[PDB]
Structure formats: C-alpha cells, structure tokens
Amino acid sequence: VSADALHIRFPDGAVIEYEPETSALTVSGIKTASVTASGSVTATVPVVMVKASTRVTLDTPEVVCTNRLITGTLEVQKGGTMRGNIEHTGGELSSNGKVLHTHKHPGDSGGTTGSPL
Amino acid sequence: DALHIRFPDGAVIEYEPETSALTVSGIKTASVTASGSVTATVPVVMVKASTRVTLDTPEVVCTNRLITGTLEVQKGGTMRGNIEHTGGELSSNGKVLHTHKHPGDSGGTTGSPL
Amino acid sequence: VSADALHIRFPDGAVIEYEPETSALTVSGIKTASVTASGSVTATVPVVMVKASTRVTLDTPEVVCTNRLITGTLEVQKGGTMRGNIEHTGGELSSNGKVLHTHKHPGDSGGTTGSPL
Ligand SMILES: [Ca+2]
Ligand SMILES: [Cl-]
Ligand SMILES: [Fe+2]
C-alpha cells in the first residue's frame, strides 16, 4: 500500500523506479514498450517531449492540434484545405513552377505584364 | 485484485480492475527510455499540455488527416495534390493570390485574377 | 529490489508485464490509462508508433516538430505562416477560387492576359 519509493531492477539491466525526492517515475533500459487499451490514453502535464531519433508515426485517421502546429519543413502528400490568412515570406511559393510573388503573364496588347504590384 | 502504491510525496500508481483504469498521479516527471520502439494501440490518445508538445525527431508522419488551428512552417516544404484555400488572403512576399494585379503591357494595370 | 520478471494479471483480464528475455514492457486489456504530472512526460526511443483508430488530439498551445512533418492531407482552420521555399505540384493551389498556376487577369486595354509564364 504505502511504499517509501519504488525500485524494480530486471536481469536484462532495465529498471522501473519512482523516486519521491525528485518526484520522478522512470522506466529505462528496455527495448520495447507497448500499451493496448480499448478506451483512451491521456497525459495531463505541461510539457510532453518525444525524442525519437528515427521517426514518430501517428497512424490515425486524424491528428488534431488544437492551437498552433510549428514544423521545420512540411510535406503534404494528397492535398488539403486552408482557411484564414496564410502569410508566406522568405523564399518562393510556387505551383507547377509558377511563383506567386514574381510571376508575369502575356499582356493583352502582345507584350508581357510586370510582376505583381 | 488491484494495484495501489502510494508514495510520501503524494504520488500514486494504481490499476483498478473494477474500472479497468491505470492511473499515475501526483508525480513531477515521467520518462520512458527504450532502445527499440514505444507503441500505443488505443482508439483515443489525448494530450493536455499547457506549455507544449515537442516531437523531436527527423520525421513526424501523420498517416491520414492532420488538422490544426494555425500552422507555422519554418524552412519550407512541398505540397502535392489540390490545396484549396478559402476565407482570407494567401500571400507570398506581400502578393495576394486572389486579389493581386500586375503592371500591364500598355502602361496601366491588369485587373485581379479571373 | 531485483525481480526476475514482472507478470501481474488482474481479474478483468488486464496484464502489466515486463519480460527481460525480450526486454519488453507490455500493458494490455485495460480500458484507460492516464498520467497526470506537474512537470513533463518524456519518451526517448528511436521509433514511436501510435495506432489510434479514433484520433490523436494534442491539446496544447503549441505542437513543435523539430524537422520534417509529413501528412496525407492537411486542414488549417485559422491561418498560418510559412517561410522558405514552398513547392507545390500535382494539382492546383487555389485561393478563393483563383488558381496560382493557371489564372488569367483582365488586361490593361480591356482584353485578357495569358496564364502565368
Ligand atoms: Ca495592354
Ligand atoms: Cl495587360
Ligand atoms: Fe497574376
């Protein structure tokens, strides 16, 4: 029922521990963890950090970020929708090679327009 | 019958089979460190994080839909398929897709896009 | 303490187990898991796989992906910012019906421009 701490060490070098001095739960030295649940998995904590040197895959019909999503680079594979003001700066925004901020068109008198005003 | 371990800092680790609920509460940090993989297989994953969720990895892959309130892309990207913007402006370096115009070829200006 | 393994089975059929032979932590047969913590929850492992048939919700002011983010489809609800080169192909990029790579304009003499060069 009441325990001073928790330290469980396994013969493969893994540990499961709870240290009340630092208030830290640690599971370390394992090869795999798997959790299978019928309902939900929830974390309520200010910071979640996932440090994955290969990949994080979210295999789900929908990932929802309730506020801002920031990424280094973006790859969209199969299209999508955007609403609200989308502000691009600092490079080109090109579609089929046509650059929004610099493109020109043949004009209606046989010349060429300037780039966008 | 059920797991209930209480610590002097107020932390609790519990499994209650009468609700089938695993609960860890009252702790400051949790961490799981593994050499292979961590997998969760469950219909709903819910993270309530008042500061931030950081995915520090070479690639995050969302297999289907990704929905966000706002988006910030820092170092460019690629998009394939039809991308349909509505409801405000899509601008690049100040030039707005749906309303921009150009100097015309006779010294006036074009209209906006058709 | 040292333990040779961990195999805890409960009467609902749930199992919490650590098997040192394969260094595998497995939790199964539960309905919900919840962690509440005042500081952080961190996972450090090369590969994370989340198989969530309903949805993954990240309810936070900010989700940060440090490098690449890849998705099948994208839905931005309330705007955004982009920097760097954004290269679109394999369809149209349209805003309020106006398509970057094919749009024309009325010309300055009353005709119509060509599409973008
Ligand atoms: Ca003209
Ligand atoms: Cl013109
Ligand atoms: Fe144009």
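Below, chains carry the letters A, B, ... as their sequence lines are ordered, and counting in each starts from 1.
With a 4.5 Å cut-off on side-chain heavy atoms, A:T102 and A:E92 do not count as touching. Counting only heavy atoms from C-beta outward, the side chains of B:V12 and B:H4 approach each other to under 4.5 Å. Considering only heavy atoms from C-beta on, B:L114 comes within 4.5 Å of C:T112 through its side chain. In this structure, the side chains of B:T54 and C:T66 come closer than 4.5 Å at one or more pairs of heavy atoms. The shortest distance between side-chain heavy atoms of C:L93 and B:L90 falls below 4.5 Å. A heavy-atom distance below 4.5 Å is found between the side chains of C:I16 and B:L22. Within the 4.5 Å cutoff, the side chain of A:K31 has no heavy atoms near those of the C:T22 side chain. Residues B:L71 and A:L74 are in side-chain contact: their nearest non-hydrogen atoms beyond the backbone lie under 4.5 Å apart.
Under the 30°/60° scheme for interplanar angles, the aromatic rings of A:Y18 and B:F7 are found to be tilted.
The OG1 atom of A:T81 sits 4.5 Å away from the CD atom of C:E75 when rounded to the nearest 0.5 Å. With rounding to the nearest 0.5 angstrom, the CG atom of C:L6 is 11.5 Å from the CD atom of C:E19. With rounding to the nearest 0.5 angstrom, the CD1 atom of B:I83 is 12.0 Å from the CG atom of C:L100. Distance CD/A:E62 to OG1/C:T54: 10.0 Å, rounded to 0.5 Å. Atom CG of B:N64 and atom CG of A:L58 lie 11.0 Å apart (nearest 0.5 Å). Atom CE of A:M49 sits about 8.5 Å away from atom NZ of A:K51, to the nearest 0.5 Å.
Here the shortest heavy-atom pairing between C:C65 and A:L69 reads SG-CD1, 4.2 Å. Here the closest heavy-atom approach between residue C:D12 and residue C:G29 is recorded as OD2-O, 4.2 Å. Between A:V48 and A:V45, the closest heavy-atom pair is CG2-CG1, 3.6 Å. When all heavy atoms are compared, the tightest approach of C:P20 to A:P11 is CG-CD, 3.7 Å. Annotation for A:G91 and A:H101: closest pair O-CE1, 3.6 Å, computed over non-hydrogen atoms. Of all heavy-atom pairs spanning C:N96 and B:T86, the tightest one is OD1-CA, 3.3 Å.
Counting non-hydrogen atoms of neighbouring residues, nucleotides and ligands closer than 6.0 angstrom, the CZ atom of B:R80 reaches no more than 12 such neighbours.
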Task: Pair A:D108-B:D105, side-chain contact (heavy atoms from CB on, under 4.5 Å): steps then yes or no - done: CA-CA 7 Å; A:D108 72 356; B:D105 68 4; 3.6 Å; yes

TODO: Given side chain to side chain donor-acceptor pair (under 3.5 Å), test B:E84 with C:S94 step by step and report yes or no.
DONE: CA-CA 5 Å; B:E84 302 297 320; C:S94 82; 2.5 Å; yes

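In summary, the aromatic rings of A:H103 and B:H102 are positioned with their centroids under 6.0 Å apart.
Hydrophobic clustering, with ILVMFWY side chains joined whenever heavy atoms are under 4.5 angstrom apart, keeps C:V47 apart from A:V35.
A:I70 forms part of a hydrophobic cluster together with C:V64, judged by ILVMFWY side-chain heavy-atom separations under 4.5 Å.
Side-chain contact, B:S106 with C:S109: a donor N or O sits under 3.5 Å from an acceptor N or O.
The pair A:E17-A:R9 fails the salt-bridge criterion, with no side-chain N (NZ, NE, NH1 or NH2) lying under 4.0 Å from an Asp/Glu carboxylate O.
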